[PDB]
Amino acid sequence: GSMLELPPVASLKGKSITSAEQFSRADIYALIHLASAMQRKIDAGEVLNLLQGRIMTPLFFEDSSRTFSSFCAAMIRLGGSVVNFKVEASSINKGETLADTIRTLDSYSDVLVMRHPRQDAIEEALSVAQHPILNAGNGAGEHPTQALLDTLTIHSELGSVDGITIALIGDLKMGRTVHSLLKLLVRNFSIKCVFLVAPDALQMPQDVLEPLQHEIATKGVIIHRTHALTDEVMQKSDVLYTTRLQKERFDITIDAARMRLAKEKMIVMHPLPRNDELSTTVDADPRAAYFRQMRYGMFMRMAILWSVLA
Amino acid sequence: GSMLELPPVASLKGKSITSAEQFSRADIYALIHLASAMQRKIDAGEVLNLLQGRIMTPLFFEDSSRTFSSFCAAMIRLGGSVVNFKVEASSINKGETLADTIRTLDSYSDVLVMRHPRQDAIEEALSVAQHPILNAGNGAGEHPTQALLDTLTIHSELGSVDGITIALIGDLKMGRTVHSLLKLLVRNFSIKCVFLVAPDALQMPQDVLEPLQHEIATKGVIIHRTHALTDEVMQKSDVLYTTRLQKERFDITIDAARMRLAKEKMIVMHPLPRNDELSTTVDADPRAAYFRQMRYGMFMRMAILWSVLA
Amino acid sequence: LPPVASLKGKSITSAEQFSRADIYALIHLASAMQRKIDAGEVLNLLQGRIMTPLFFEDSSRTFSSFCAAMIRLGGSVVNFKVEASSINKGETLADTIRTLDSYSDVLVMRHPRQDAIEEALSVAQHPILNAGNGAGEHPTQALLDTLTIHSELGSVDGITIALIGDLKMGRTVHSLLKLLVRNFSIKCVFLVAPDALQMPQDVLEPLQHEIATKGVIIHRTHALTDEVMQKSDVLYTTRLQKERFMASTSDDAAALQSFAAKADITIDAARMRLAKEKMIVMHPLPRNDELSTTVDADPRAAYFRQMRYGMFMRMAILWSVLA
Ligand SMILES: O=C(O)C[C@H](NC(=O)CP(=O)(O)O)C(=O)O
Ligand SMILES: O=C(O)C[C@H](NC(=O)CP(=O)(O)O)C(=O)O
Ligand SMILES: O=C(O)C[C@H](NC(=O)CP(=O)(O)O)C(=O)O
């Protein structure tokens with residue numbers, strides 16, 4: 001992969017990432033191609049030195065395994081460095097405010113990666129930070145880089161995004177992942193059909209669906225609400241994207257039996273982590289893409305960091 | 001051409017840093033000049049490779065945001081590395097002593113950065129370590145690199161340290177920052193006047209004032225106590241250095257209204273974190289330098305690290 | 001700095017997986033790495049490679065020396081912390097392994113459960129290095145301990161070694177006894193512990209063939225007798241593993257008390273007056289009161305230098321695994 005170019009995505013340069021609404025179809029494709037080239041070079045064992053002497057600081061005010069780790073790994077694999085700031089042993093225990101904490105890490109860093117239980121926390125950070133801030137999850141609001149890596153996953157597994165039927169399953173109300181993903185998909189691609197599969201209490205919120213109505217209508221995107229993985233859903237979906245019940249903010253299980261109803265050419269996705277909604281019996285199935293999904297996330301996050309800091 | 005552009009301060013080579021007392025006026029000017037050269041290169045986007053293959057290990061037995069992070073960032077910006085040792089998950093929980101803990105990190109590292117709630121813990125660490133130890137705060141004692149970066153901030157903001165009138169405000173008793181700062185300023189500069197602004201119970205300790213007796217007399221420094229931030233203090237001070245009540249170790253509030261009495265040209269400083277003593281209404285004021293102070297912190301710690309390890 | 005080829009791309013689980021030739025090639029590579037680092041040389045061997053530590057229980061030396069080792073090879077570290085991870089959202093151990101496996105070149109794993117490493121092995125593609133699995137094994141400890149003996153005394157064959165303290169729960173002495181006996185011609189091993197904390201059968205029995213055919217003497221005592229002090233070339237002593245005895249049961253109370261009450265195993269300056277001239281005192285660390293600070297000034301106290309040999313052995317290991 002040594003002869004592949006790594007052109008940064010210019011429209012991302014020096015900008016904070018807060019929403020899936022920020023990106024055009026052309027940004028996304030260009031991030032996909034960049035991530036793909038990142039993957040090729042890293043897998044061939046090539047050493048990248050694009051971000052030498054640039055610092056990423058993670059500001060994680062809630063738990064994370066994948067998002068924290070992929071961002072760190074992505075930064076390192078670009079030749080960058082990470083300052084390992086941790087909230088629990090910080091000067092917040094001395095009474096420091098969220099705003100002063102952002103200002104503090106912003107003094108040392110080239111980019112901040114921020115996750116916070118309050119939906120409004122990243123606007124607050126944005127209002128005081130000089131350097132780009134990447135939204136790693138703002139309460140039940142959004143998770144725009146998950147959306148990007150999820151789309152990368154779809155494109156690499158199935159070969160296209162236009163024309164798919166996708167089921168978003170589980171806690172759609174509190175799932176910031178499915179908020180960002182639906183936005184990113186409906187705004188930039190010709191989705192055929194979206195199954196919104198959730199108990200009534202946990203349906204996709206109105207504040208996500210409504211701003212999309214113009215695009216849903218002009219592109220003819222079919223939106224179908226269910227409360228179960230019916231036979232129809234199992235048989236038409238090219239992607240089953242399922243989610244964890246977001247317990248910390250307070251049928252639909254996929255197992256191998258349920259999987260014998262699925263199409264030959266489809267993928268099962270989950271942003272992770274999972275509880276019982278997604279059975280380990282599915283893990284050996286080639287259509288299980290939720291592990292590969294995590295590796296795609298590192299390479300997308302490399303495409304993003306390089307584009308922001310180039 | 002490092003030895004022209006970033007000459008290390010030779011006097012610091014291979015030595016621990018424990019007190020503001022160990023530095024001459026010439027050391028401080030050499031560090032300031034090296035620090036602002038660090039700043040010039042980093043701000044222009046130049047990558048430093050001075051300390052590749054060298055390791056800094058933080059040993060923080062109390063909370064920190066600024067001191068930990070700026071040391072980690074400074075190390076990284078010099079091309080060096082950090083081993084992220086955390087006290088809370090260490091073999092101290094198996095009953096290891098402080099001395100054994102120090103020998104352990106001393107075995108792997110080139111330099112240790114230590115913050116500890118006990119005043120004598122730095123001297124206990126020195127009696128066993130082979131490599132330099134940088135005192136990042138020892139109980140209510142001293143914070144010597146804070147005094148260095150505070151002095152860089154004064155010099156860079158105002159142009160001069162000789163001849164200033166400075167107010168040290170808040171919890172002067174337990175304020176390890178004002179202990180070191182007063183030492184550093186009075187031993188090496190001809191300060192016109194110091195205001196110590198605190199009720200008697202939180203006044204500057206006698207063990208700080210007494211040993212400065214010779215310098216106070218020889219340079220004719222004026223020193224007054226007040227119990228409040230009076231109009232006279234407001235109108236005469238070039239530097240308002242304010243501090244947090246160190247609650248964990250047991251009117252003077254600056255706000256926009258009080259700032260209406262300040263000189264047109266002066267700075268408000270605070271080593272941070274702040275509580276109610278320094279109102280956010282001050283933040284927009286050009287004289288508010290307590291955010292820029294954090295960034296000088298990084299560059300001073302670059303100058304220090306490079307000098308210790310060159 | 002030639003990598004030891006047998007280690008390439010392989011997980012490290014047990015002291016049993018190494019040959020004599022493996023051990024000497026690691027020793028020589030470790031000592032070659034020490035030469036260069038001490039001379040101030042910078043190594044770029046693993047630039048762009050990532051090590052992720054997965055520690056589910058406490059560590060100072062193993063965690064820090066793996067990180068430092070990785071760094072001094074030019075490699076990098078992703079500082080994954082269990083306490084603030086998605087484990088709190090209910091993620092299983094398996095799914096945790098697969099997660100960090102997606103980003104890393106090698107995982108260094110310590111877990112209070114003996115079978116956890118094997119479970120990690122069954123899901124991960126990249127090599128896993130056992131940094132301690134319960135009271136089970138600590139394979140890189142045994143390797144660095146052997147480097148220490150070799151560097152300090154000059155030779156491993158022919159030694160008399162006392163293994164002292166909590167031998168029941170001591171994963172270090174488990175790995176070390178296997179490594180030594182499988183691959184060296186040991187003259188004598190003193191198993192010095194109270195009965196309640198003696199070396200387990202599941203360690204000794206698989207070694208019995210080698211013990212017998214090599215004619216290795218095994219002597220059990222519950223004290224540091226004159227005989228042990230005068231004969232031993234190495235006194236390898238251990239901490240009582242209190243955390244393996246947190247049940248509040250009578251079985252646990254008896255085991256915990258026996259360390260001091262049913263044995264006489266403290267090493268202090270007075271005791272060291274009985275030791276030979278050419279020998280070393282070792283301890284994987286951390287220590288409590290079983291190894292007195294009055295021994296620290298003795299040239300025969302090797303337990304601090306042992307930590308430094310540890311960093312160099314771990315460099316030789318990481319480089320050999322990842323080359
Ligand atoms: O938490 C979830 O279930 C989904 C989603 N998960 C992630 O981003 C992965 P992690 O929490 O491991 O970073 C999130 O919004 O945090
Ligand atoms: O804590 C204070 O208020 C003053 C001073 N503050 C600092 O050093 C900044 P930090 O605690 O963020 O490193 C200290 O002595 O800790
Ligand atoms: O814990 C002991 O007493 C011996 C042994 N110690 C070590 O490995 C050193 P550590 O805990 O510092 O990494 C262990 O098995 O953890």
# chains A, B, ... in the order shown; residues from 1 in each chain; ligands from 1
>>> residues_near_ligand(ligand="ligand 1", cutoff="6 Å", atoms="only C-alpha atoms and all ligand atoms", output="list in words")
residues 64, 65, 66, 67, 68, 137, 176, 177, 244, 271, 272 and 273 of chain A; 86 of chain C
>>> calpha_fit_rmsd(fixed="chain B", moving="chain A")
1.1 Å
>>> residues_near_ligand(ligand="ligand 3", cutoff="10 Å", atoms="only C-alpha atoms and all ligand atoms", output="PyMOL selection string")
(chain B and resi 89-96+101+104) or (chain C and resi 55+57-66+110+112+131-138+140-141+166+169-174+237-243+283-288+307)
>>> interface_residues(of="chain C", to="chain A", cutoff="10 Å", atoms="only C-alpha atoms", output="VMD selection string")
chain C and resid 46 to 52 75 to 92 95 to 96 98 to 104
>>> write_last_selection(atoms="N, CA and C atoms", output="CSV table (one decimal), in the first residue's frame")
chain,number,residue,atom,x,y,z
C,46,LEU,N,10.4,-0.8,17.3
C,46,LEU,CA,9.0,-1.0,17.3
C,46,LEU,C,8.1,0.2,17.0
C,47,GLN,N,8.7,1.2,16.4
C,47,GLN,CA,7.9,2.4,16.0
C,47,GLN,C,6.6,2.0,15.3
C,48,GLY,N,5.5,2.6,15.7
C,48,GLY,CA,4.2,2.3,15.1
C,48,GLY,C,3.5,1.0,15.7
C,49,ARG,N,4.2,0.3,16.6
C,49,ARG,CA,3.5,-0.8,17.3
C,49,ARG,C,2.9,-0.4,18.6
C,50,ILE,N,1.8,-1.1,19.0
C,50,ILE,CA,1.1,-0.7,20.2
C,50,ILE,C,0.9,-1.9,21.2
C,51,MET,N,1.2,-1.6,22.4
C,51,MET,CA,1.0,-2.5,23.5
C,51,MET,C,-0.1,-2.0,24.3
C,52,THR,N,-1.1,-2.8,24.6
C,52,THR,CA,-2.1,-2.4,25.6
C,52,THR,C,-2.1,-3.3,26.8
C,75,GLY,N,8.3,1.7,20.8
C,75,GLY,CA,6.9,1.4,20.6
C,75,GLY,C,6.0,2.4,21.4
C,76,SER,N,4.7,2.1,21.4
C,76,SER,CA,3.8,3.0,22.1
C,76,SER,C,2.8,2.1,22.9
C,77,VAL,N,2.1,2.8,23.8
C,77,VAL,CA,1.2,2.2,24.8
C,77,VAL,C,-0.2,2.9,24.8
C,78,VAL,N,-1.3,2.1,24.7
C,78,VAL,CA,-2.6,2.7,24.8
C,78,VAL,C,-3.0,2.3,26.3
C,79,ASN,N,-3.2,3.4,27.0
C,79,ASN,CA,-3.4,3.3,28.5
C,79,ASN,C,-4.9,2.9,28.9
C,80,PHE,N,-5.2,1.7,28.6
C,80,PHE,CA,-6.6,1.2,28.9
C,80,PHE,C,-6.7,1.0,30.4
C,81,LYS,N,-7.8,1.5,31.0
C,81,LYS,CA,-8.1,1.4,32.4
C,81,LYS,C,-9.4,0.7,32.6
C,82,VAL,N,-9.4,-0.4,33.4
C,82,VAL,CA,-10.6,-1.2,33.6
C,82,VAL,C,-11.7,-0.3,34.3
C,83,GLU,N,-11.3,0.5,35.3
C,83,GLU,CA,-12.2,1.1,36.2
C,83,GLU,C,-13.2,2.0,35.5
C,84,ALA,N,-12.7,2.7,34.5
C,84,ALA,CA,-13.5,3.6,33.7
C,84,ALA,C,-13.9,3.1,32.3
C,85,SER,N,-14.0,1.8,32.1
C,85,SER,CA,-14.3,1.2,30.8
C,85,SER,C,-15.7,0.8,30.6
C,86,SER,N,-16.0,0.2,29.4
C,86,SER,CA,-17.4,-0.3,29.1
C,86,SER,C,-17.7,-1.6,29.8
C,87,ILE,N,-16.8,-2.1,30.6
C,87,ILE,CA,-17.1,-3.2,31.5
C,87,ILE,C,-18.3,-2.8,32.4
C,88,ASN,N,-18.3,-1.5,32.8
C,88,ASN,CA,-19.3,-0.9,33.7
C,88,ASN,C,-20.7,-0.9,33.0
C,89,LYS,N,-20.8,-1.1,31.7
C,89,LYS,CA,-22.0,-1.2,30.9
C,89,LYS,C,-22.4,-2.6,30.7
C,90,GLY,N,-21.7,-3.6,31.3
C,90,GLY,CA,-22.0,-5.0,31.4
C,90,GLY,C,-21.1,-5.8,30.4
C,91,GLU,N,-20.2,-5.2,29.7
C,91,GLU,CA,-19.4,-6.0,28.7
C,91,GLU,C,-18.6,-7.2,29.4
C,92,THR,N,-18.6,-8.3,28.7
C,92,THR,CA,-17.9,-9.5,29.2
C,92,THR,C,-16.4,-9.4,29.0
C,95,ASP,N,-15.5,-10.1,25.2
C,95,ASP,CA,-15.7,-8.9,24.4
C,95,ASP,C,-14.7,-7.8,24.7
C,96,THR,N,-14.2,-7.7,25.9
C,96,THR,CA,-13.2,-6.7,26.3
C,96,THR,C,-11.9,-7.1,25.5
C,98,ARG,N,-11.5,-9.0,22.7
C,98,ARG,CA,-11.7,-8.7,21.3
C,98,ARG,C,-11.5,-7.2,21.0
C,99,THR,N,-12.0,-6.4,21.9
C,99,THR,CA,-12.0,-4.9,21.7
C,99,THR,C,-10.5,-4.4,21.6
C,100,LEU,N,-9.7,-4.7,22.6
C,100,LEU,CA,-8.4,-4.2,22.6
C,100,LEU,C,-7.5,-4.9,21.6
C,101,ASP,N,-7.8,-6.1,21.3
C,101,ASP,CA,-7.2,-6.9,20.2
C,101,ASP,C,-7.4,-6.2,18.8
C,102,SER,N,-8.5,-5.4,18.7
C,102,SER,CA,-8.7,-4.7,17.4
C,102,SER,C,-7.7,-3.5,17.1
C,103,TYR,N,-7.0,-3.1,18.2
C,103,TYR,CA,-6.2,-1.9,18.1
C,103,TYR,C,-4.7,-2.1,18.3
C,104,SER,N,-4.4,-3.1,19.0
C,104,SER,CA,-3.1,-3.4,19.6
C,104,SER,C,-2.2,-4.4,18.8
>>> residues_around(residues="segment 118-129 of chain A", least_positions_apart="4", cutoff="6 Å", atoms="only C-alpha atoms", output="list in words")
residues 138, 139 and 141 of chain A
